[PDB]
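Chain residues, written in single-letter form:
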Amino acid sequence: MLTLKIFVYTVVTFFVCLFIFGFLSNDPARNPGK
Amino acid sequence: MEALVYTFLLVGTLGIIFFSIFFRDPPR
Amino acid sequence: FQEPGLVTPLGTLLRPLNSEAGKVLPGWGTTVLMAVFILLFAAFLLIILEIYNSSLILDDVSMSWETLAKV
Amino acid sequence: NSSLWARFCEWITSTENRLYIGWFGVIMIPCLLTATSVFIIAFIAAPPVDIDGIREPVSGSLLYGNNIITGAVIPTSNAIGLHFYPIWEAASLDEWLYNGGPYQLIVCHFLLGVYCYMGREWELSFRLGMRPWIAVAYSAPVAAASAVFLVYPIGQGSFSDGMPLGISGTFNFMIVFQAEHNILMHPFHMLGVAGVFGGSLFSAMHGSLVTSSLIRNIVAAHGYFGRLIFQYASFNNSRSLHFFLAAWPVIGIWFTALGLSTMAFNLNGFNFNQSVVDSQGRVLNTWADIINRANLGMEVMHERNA
Amino acid sequence: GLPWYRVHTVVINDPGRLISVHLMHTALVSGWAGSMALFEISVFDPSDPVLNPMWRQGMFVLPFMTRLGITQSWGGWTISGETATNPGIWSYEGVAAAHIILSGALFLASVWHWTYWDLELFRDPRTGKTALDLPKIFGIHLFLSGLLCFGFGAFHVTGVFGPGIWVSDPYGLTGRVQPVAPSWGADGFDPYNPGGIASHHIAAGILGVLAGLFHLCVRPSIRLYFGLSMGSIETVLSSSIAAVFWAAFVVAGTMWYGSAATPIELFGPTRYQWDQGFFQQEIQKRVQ
Amino acid sequence: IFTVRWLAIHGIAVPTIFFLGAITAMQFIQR
Amino acid sequence: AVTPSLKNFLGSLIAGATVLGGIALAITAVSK
Amino acid sequence: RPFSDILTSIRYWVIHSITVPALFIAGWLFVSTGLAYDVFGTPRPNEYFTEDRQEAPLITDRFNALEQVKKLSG
Amino acid sequence: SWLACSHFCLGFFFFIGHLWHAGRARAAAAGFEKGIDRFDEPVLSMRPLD
Amino acid sequence: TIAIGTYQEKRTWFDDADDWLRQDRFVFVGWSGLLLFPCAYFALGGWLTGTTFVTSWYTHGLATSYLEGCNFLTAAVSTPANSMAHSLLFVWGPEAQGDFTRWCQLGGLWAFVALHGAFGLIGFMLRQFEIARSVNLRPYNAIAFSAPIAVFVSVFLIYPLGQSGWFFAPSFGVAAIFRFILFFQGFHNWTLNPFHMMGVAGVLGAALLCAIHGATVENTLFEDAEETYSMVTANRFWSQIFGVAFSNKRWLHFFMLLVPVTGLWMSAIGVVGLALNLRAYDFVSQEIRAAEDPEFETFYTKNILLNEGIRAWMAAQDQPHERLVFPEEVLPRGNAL
Amino acid sequence: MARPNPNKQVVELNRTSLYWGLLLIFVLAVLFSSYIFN
Amino acid sequence: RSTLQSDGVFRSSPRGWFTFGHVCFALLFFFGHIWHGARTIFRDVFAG
Amino acid sequence: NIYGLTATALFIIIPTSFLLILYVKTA
Amino acid sequence: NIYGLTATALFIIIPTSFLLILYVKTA
Ligand code: CLA
Ligand code: CLA
Ligand code: CLA
Ligand code: CLA
Ligand SMILES: CC(C)=CCC/C(C)=C/CC/C(C)=C/CC/C(C)=C/CC/C(C)=C/CC/C(C)=C/CC/C(C)=C/CC/C(C)=C/CC/C(C)=C/CC1=CC(=O)C(C)=C(C)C1=O
Ligand SMILES: CCCCCCCCCCCCCCCC(=O)OC[C@H](COP(=O)(O)OC[C@@H](O)CO)OC(=O)CCCCCCCCCCCCCCC
Ligand SMILES: CCCCCCCCCCCCCCCC(=O)OC[C@H](COP(=O)(O)OC[C@@H](O)CO)OC(=O)CCCCCCCCCCCCCCC
Ligand SMILES: CC1=C(/C=C/C(C)=C/C=C/C(C)=C/C=C/C=C(C)/C=C/C=C(C)/C=C/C2=C(C)CCCC2(C)C)C(C)(C)CCC1
Ligand SMILES: CC1=C(/C=C/C(C)=C/C=C/C(C)=C/C=C/C=C(C)/C=C/C=C(C)/C=C/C2=C(C)CCCC2(C)C)C(C)(C)CCC1
Ligand SMILES: [Fe+2]
């Protein structure tokens, strides 16, 4: 079942890449009031 | 036919859970 | 609300019984008799409990199914 | 800021959603959906599995003549062991089912989902400004689930030892585990039992005290507790009391999970057999010996093959 | 407004409706008795009372009727096995119909008492507010209970006026209703002597009457009145439930361990008879 | 000097120390 | 009538009465 | 009566220091002299199996149990 | 067995330590580790959830 | 009506005793104390003495004491032999006839501990009621504590009364309770009983609620009367993560009380059911299906086989009075299947 | 006829109560039906 | 066994069912006694 | 197994409908 | 006749429940 293997791989890789870039987007925590 | 009875009970319970999640009563 | 309830011959016949609710005697009253009879009833209950359990054996008592034939 | 990425990020990270998604949700949601879908479908209808791998299938599907209390998703077959068994490495779908792949699929997806859920429990807590370590309190059930489903099979070398995803299967797993290892006579399981019982006790007592005090006061409840038992003037503030409430059961479950993982590598509980010996060498039986006889019965009936 | 679990608390300070609800509950109980008796007869098979007694057919309410003398059925069949004499008015169907009629009469009485709740009888002569003299109502009701107990112990069981009660031999071979002569010695206290029961009730009646008189003529003391809070009606419910569960425990024990009030003829053998080899010992001794 | 607190603490302590003294030598017993 | 078990039961009964009397007397004495 | 004063009192210290060791040695002797075995009936390690009985005891009697245990014991 | 069990337990406990310390450090950096300001709750600035 | 509402009247000895008992001392003696402190005290001592010196060589044919060389886990107070049946085993009773040594040997000390402990529990609950009355507070703590009394009565008193005798009651000891637990697993199939399920669910849910409430309260504090923690923040958090969150404090702190009590009461009902051997042991349909078809086999069947093994391999020594000798060919085995 | 009853009250229960009740009935059902069928 | 299609497993006589039901109700009514006595003794605080 | 089916059906219909009636009346 | 039983049960449950949900929402 090569087709199913590739389908699962592509969906998983899409999810993981989005997962990573979501955090890379976030800006660092900081204290305005300090 | 007991299988259909068991499935009905299970899906009914899941329906109760779904309604309790999304259709909450706004308090007061 | 001030008007009394329906008047019935049976009600007036039985009216005297439910007439003095709340009346109470002074002092401790008869509580000593309560103590005495509580203790006596506890003794009686213990007697029958130990008779049924067989922990108290009596010459007349057989305490078994075989006593149905007796008397 | 109308770029697809921008609006998608705003949607995912937004708190306006009925149920917060978060980045951890990205992996959390699909994994749990896959796990629950496969679990429901397998439980409803699935062929018998060869749990012991000697061509003696074990029916576990609801549709194949068994009840809710008895229905279960049979674990992976003993033949495969620790090898990775998706659909595509199986020769065919029917053979995949006969060997018991769906349990492996469900357990993998479920473990990923629970870990991601633990993560989101911190992420939302960071959003709202509340303190972060609610996930730490959640690490106990996650640790126990990992020990039951993953660590113990790894120790025993086969995936057939994982807890079956069913009620009667759970009872069978517990009985067989007591047979192989003295789970009852192990200090970490003792700490787990203590944690569970103490959690129930503290929940009941705290609920009683607080609900009684709420009249229209905490000083009165404190005095009540102090006068009831000889103990006086402890948990004077809500902070310490509500920290202790969380600290007791969490540590108990951490210890019971660690005990299970320790037994995964064949480090059993206490073995008090022939501990008491009279003069000139005879054996005097103690309660541990009757427990040993029960273990003998369980173990001997467990070994299905010669 | 009230929660779902307090809906019945309205009747607490409304005696007129309290009477109605208690009547209605009594009606439900009597109706259950009658309906269960009718269905109970509808399934019983009296063909073989030797190897198919009642207790082997799930016969729950029928043995309680049989224990007090009612043995004849309007269909001709009898528990003993033969057809016997004419059933008479008092038969299983008779008791079932009687209980149903009683339940219906109590239903009508409950409706009547429900509609008419405001009665001058419940109102204190001194003050308009409704009051109930619990210490005295208890006295009257205890007097009635004592009278009924004495009547049952002296007329029904004794056989002076009634049929008596069931008694059987120790090993449950032959057993049937007879009069019971009261026994006043120590032998009347053992569980397995029917002569005790009759005697008990007689004494249990007479003393009650005296108590029924005493509480009717002597009012409580102030210390007791305020310590026990006899003014409120809730204390009565608590004490009544206490006595009720005491009675339930005692009855369950007497049933399980066996007594003269539960002959094995119509209730089945006890487990302790099998454990101790009762019937095995009997058969072995007789064969020897 | 004879308060209820004194009575409770002594009634608990005296058997406790007696039992500990027993248990030590009890452990030293040769099997 | 004079069976030993009855003797033991009466002995225990008087012992219980003794315990109750001792507690009551101690309470009364200590109170005042 | 706060605990500090009673703890610091010399009379307390002396009386407890003389009484506690007495109780400890009392327990020590109570176990080592064999009185515990006789009073509580626990057999010593060398009479569990009397020559007449090489198996574990068994009662088989409710009312007439005294001399039954006499026979089983010793 | 001793090596595996001891080091699994220690690794698990140190992972829990990572969770705790990472959460605390991030909260402290954000500035609300001591607690909510009781004047400007971030939740209050959000509409009611229906 | 005759007098005032019991204000002063006369200073009878009862009033002096009541005043002395209810003094605000270090330990609240109270009226319940006269029933609690004595009985409970013995209920402790009888155990510890029981654990230290006396033996179980004549009742169960076992060594259960420190004197005989038993650990804390192994030591226990054994129940009287099955011959004693349901005798209360008074030290002055016919069975012991006033001989303390033989009373200990016969196993009467278990009855001593059980009875005095039950009365101590009653006294303790009365003490809870007394203190709640004295401080003018609702006695919800007594309602909560009613559950453990229910479990104790259902397990230690109702159950042996339903069985042959005291012999089958739990024996006070860490290992003895494990023996009892495995005993119910082997014979009564207690795990399968619905009431045990409804009790374990309550217990685990109670632990869950305790942990969650502690963590939530401790993680939503206000920086530093008024409630320390932010209820709105916690409600939002748990309503967005889990889906449902508490909104009323009183309801939450009452739910934390309602869960364990219901669970333990339901388990007690289950144990009452077992006391008369009414056990949810078997599914007839599955048994007949397995009987006609040897191939068919589920987890339930394996559990039944395991129970058979437990019974067969335990009855030899757990029930000496039966005098059971099993030839080696009779004991169940997996390979023989 | 008697005057209108003074202590007449009406029962209420909000949506939370309904959800609790339905979930209890269905959970008890799924738990016990397995044994009812037997 | 053909008449009623007997399943081959023993059942409990009426005695056992009576004992089971009445003992269960006894425990429940003990709880009821406790609850109602608790309300009775604490009437003032319970009222408000 | 007719008895089991009818008992289950009654237990699902009567109580849940009972709750629904009251809730409908409340609102 | 299992198909008949399930069809009847579905026809009773789904539409009446559907209506009840709407009415509960309205009030
Ligand atoms: C090298 C690693 C390391 C370092 C340098 C620190 C350093 C610190 N931690 Mg962290 N921590 C670590 C590992 C580490 N921790 C791990 C692995 C855990 C997981 C349990 C934690 C959990 C943790 C918490 C929950 C908290 C800290 C806190 C602190 C600070 C105060 C120290 C303290 O509690 O007083 C010293 C305290 C003690 C000596 C008490 C000891 C109690 C333990 C239970 C003794 C157990 C000993 C036992 C024999 C070990 C058996 C092991 C067995 C299971 C195998 C300090 C900055 C506290 C803080 O305020 O941070 C700012 C705080 O609240 N830490
Ligand atoms: C209030 C505290 C209290 C309570 C509730 C109990 C309760 C109990 N004990 Mg414990 N006990 C106590 C204090 C207490 N004891 C103390 C202080 C000691 C040390 C001296 C003991 C030593 C002890 C031993 C050694 C044993 C018990 C046993 C028992 C049980 C049986 C008692 C029995 O039937 O005797 C009879 C009960 C009574 C006499 C109670 C009162 C009954 C009424 C008031 C009699 C009234 C009749 C009459 C008016 C009075 C006589 C008048 C006369 C003077 C003319 C019972 C559970 C036995 C047991 O079952 O163990 C397994 C046992 O072996 N107890
Ligand atoms: C304590 C009272 C009592 C006792 C001891 C008995 C005893 C008996 N009855 Mg009677 N019965 C009673 C009250 C009682 N009944 C009442 C009040 C009714 C009216 C409804 C009936 C109606 C009745 C009929 C119509 C029949 C019996 C039958 C029987 C016999 C068979 C065993 C049995 O009851 O079923 C076994 C009982 C159970 C399995 C119930 C166990 C109790 C659990 C705890 C119930 C829990 C319910 C749960 C919380 C919710 C359910 C969820 C749902 C999905 C199912 C036995 C002699 C049968 C017979 O042959 O006798 C003629 C029979 O046909 N009874
Ligand atoms: C003589 C018996 C008796 C009587 C007269 C009462 C009367 C009362 N009780 Mg008490 N109670 C009893 C026994 C009794 N109870 C027992 C045995 C228990 C323990 C289980 C309780 C526990 C209890 C609590 C915890 C509370 C009350 C309350 C009340 C009051 C309101 C009734 C209620 O809950 O709403 C009506 C209830 C319903 C409409 C629900 C009924 C649904 C049931 C549970 C299922 C159906 C059962 C079935 C049809 C019948 C079974 C019959 C069986 C007994 C054989 C009322 C004054 C309440 C009160 O006074 O608070 C102010 C309250 O909070 N009772
Ligand atoms: C095909 C398929 C679907 C397969 C399914 C197969 C299968 C096995 C199905 C499962 C079968 C099943 C349902 C079995 C279980 C049945 C069972 C045994 C039920 C027991 C039922 C019963 C009546 C028992 C009585 C005991 C009882 C009372 C238990 C109650 C348990 C319970 C509800 C506990 C609470 C659980 C829980 C998650 C609570 C969290 C509460 C929470 C959100 C608090 C958060 C929070 C905390 C705060 O601190 C504050 C401040 C706020 C504000 C706040 O919010
Ligand atoms: C007033 C109590 C004085 C202290 C009694 C001794 C306590 C210490 C026990 C050590 C073991 C001694 C072995 C002999 C044990 C023994 O004493 O047997 C003595 C006796 C039986 O002995 P015999 O009749 O065989 O002996 C004949 C003569 O030689 C005299 O003994 O039994 C009794 O008469 C009652 C004894 C009750 C003793 C227990 C007192 C508590 C009773 C329960 C009270 C409940 C009250 C509840 C209130 C609500
Ligand atoms: C992303 C994560 C998704 C999670 C999905 C899972 C959601 C589970 C939601 C459970 C809701 C239970 C019904 C609440 C009904 C309801 O409306 O409750 C509402 C209630 C809040 O009530 P209030 O505080 O508004 O009450 C105020 C008082 O004055 C009363 O009016 O919620 C709770 O207290 C916590 C309840 C947790 C109870 C958890 C039980 C879980 C049972 C699960 C059964 C599964 C069976 C499976 C069969 C196959
Ligand atoms: C389910 C069950 C239960 C319970 C049950 C019950 C409680 C039942 C009841 C039942 C009942 C409670 C019934 C009743 C019935 C009744 C009836 C059936 C009636 C009838 C009546 C009639 C018929 C009448 C008539 C009349 C009148 C009205 C008078 C005039 C004349 C005439 C005759 C017309 C429980 C929970 C325990 C669990 C187990 C099982
Ligand atoms: C029976 C009897 C009686 C009584 C008795 C009593 C009252 C007793 C008591 C007793 C007691 C009162 C006891 C106690 C004991 C104690 C103990 C035995 C302890 C122990 C401890 C330990 C062992 C510890 C340990 C530890 C710690 C905690 C510290 C450090 C660490 C360790 C772990 C080492 C009577 C009179 C009825 C009759 C006669 C006989
Ligand atoms: Fe709290």
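Residues numbered from 1 in each chain as written, not as in the entry; some residues may be left out. Chains lettered and ligands numbered in written order. Part of a larger assembly, values for the part shown. Heavy atoms only, no water.

## A look at helix α9 (residues 238-264) of chain D
Here is step 1: End to end, α9(D) covers 40 Å across 27 residues, agreeing with the expected 39 Å (1.5 Å per residue, within 8%).
Here is step 2: One or two positions beyond α9(D), positive phi appears at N266(D), with a value near 55 degrees. (Helix = DSSP H or I, 4+ residues; strand = E, 2+ residues; numbered from the N terminus. Expected span 1.5 Å × (residues − 1).)

## Some thoughts on the coordination of the magnesium atom of ligand 4
Here is step 1: Protein coordination of the magnesium atom of ligand 4 is limited to a single donor, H36(L) (NE2), which sits 2.2 Å from the metal.
Here is step 2: Here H36(L) is to be found in helix α1 (residues 14-41). (Donors = N, O, S within 2.8 Å, 3.2 Å for Na, K, Ca; no water.)

## Comments concerning the site of ligand 3
Here is step 1: Surrounding ligand 3, one finds 13 residues, the nearest of these being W32(E), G58(E), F60(E), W17(L) and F18(L).
Here is step 2: One finds residues of chains E, J, K, L and M in close proximity to ligand 3.
Here is step 3: Contact between ligand 3 and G58(E): an oxygen atom at 2.9 Å from a main-chain N or O atom of the residue.
Here is step 4: Contributions of two or more residues to the shell around ligand 3 are made by α1 (15-43) of chain E, α1 (15-37) of chain K together with α1 of chain L.
Here is step 5: The dominant element in the shell around ligand 3, judged by the number of residues it contributes, is α1(E), at 4 residues. (Near = heavy atom within 4 Å. Polar contact = N/O pair within 3.5 Å; in protein donor to acceptor, adjacent residues only side chain to side chain.)

## Focus on the interface of chain D and chain J
Here is step 1: Listed per partner, the contact involves 97 residues of chain D and 95 residues of chain J.
Here is step 2: For the pair chain D and chain J, the two sides together bury roughly 8,800 Å², of which 70% comes from carbon and sulfur.
Here is step 3: Contact with chain J buries area across many residues of chain D, yet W287(D), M301(D) and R304(D) alone supply 10% of it, more than any other trio.
Here is step 4: Taken together, the links from chain D to chain J amount to 1 salt bridge.
Here is step 5: A salt bridge links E297(J) to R304(D); the shortest N-O distance between them is 3.3 Å.
Here is step 6: Our count for the chain D to chain J interface comes out at 22 residue pairs in polar contact.
Here is step 7: Within the residue set of the side of chain D that touches chain J, elements represented by two or more residues are α4 (101-128), α6 (167-180), α7 (187-213), α8 (218-228), α9 and α10 (287-302) of chain D.
Here is step 8: Looking at the side of chain D that touches chain J residue by residue, the classes come out as 58 nonpolar, 28 polar and 11 charged. (Contact = heavy atoms within 4.5 Å. Buried area = accessible area lost by both parts, 1.4 Å probe. Salt bridge = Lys/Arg side-chain N within 4 Å of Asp/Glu carboxyl O. Nonpolar A, V, L, I, M, F, W, Y, C, P; charged D, E, K, R; others polar.)

## Describing the UniProt feature "transmembrane region" in chain A
Here is step 1: UniProt feature "transmembrane region": in the numbering of this structure it lies at residues 4-24 of chain A.
Here is step 2: Across residues 4-24 of chain A, the secondary structure splits into 100% helix and 0% strand, with the terminal C-alpha atoms separated by 30 Å. (UniProt positions renumbered as here; feature names shortened; annotations may be inferred.)

## Some points on the pattern of salt bridges
Here is step 1: Throughout the structure, instances matching the rule amount to 25 salt bridges over all chains.
Here is step 2: For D14(E), the salt bridge identified is with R17(E), shortest N-O distance 3.8 Å. The residues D14(E) and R17(E) share a single accessibility class, namely buried.
Here is step 3: In this structure, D118(E) engages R3(K) in a salt bridge whose closest nitrogen and oxygen atoms are separated by 2.3 Å. A residue pair is termed interchain when its members come from two chains, as with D118(E) in the loop between α3 (92-115) and α4 (134-156) and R3(K) in the segment before α1. (Buried < 20%, exposed > 50% of the residue type's maximum accessible area, 1.4 Å probe, protein only.)

## Quick look at the interface of chain E and chain K
Here is step 1: Facing the 14 residues of chain E at the interface are 11 residues of chain K.
Here is step 2: Roughly 1,000 Å² of surface becomes buried between chain E and chain K when both sides are summed, with 52% attributable to carbon and sulfur atoms.
Here is step 3: Among the residues chain E hides against chain K, the three largest losses belong to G1(E), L2(E) and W117(E). Together they make up 43% of the total.
Here is step 4: Along the contact surface separating chain E from chain K lie 7 residue pairs in polar contact.
Here is step 5: Among the residues making up the side of chain E that touches chain K, the classes are represented as 7 nonpolar, 3 polar and 4 charged.

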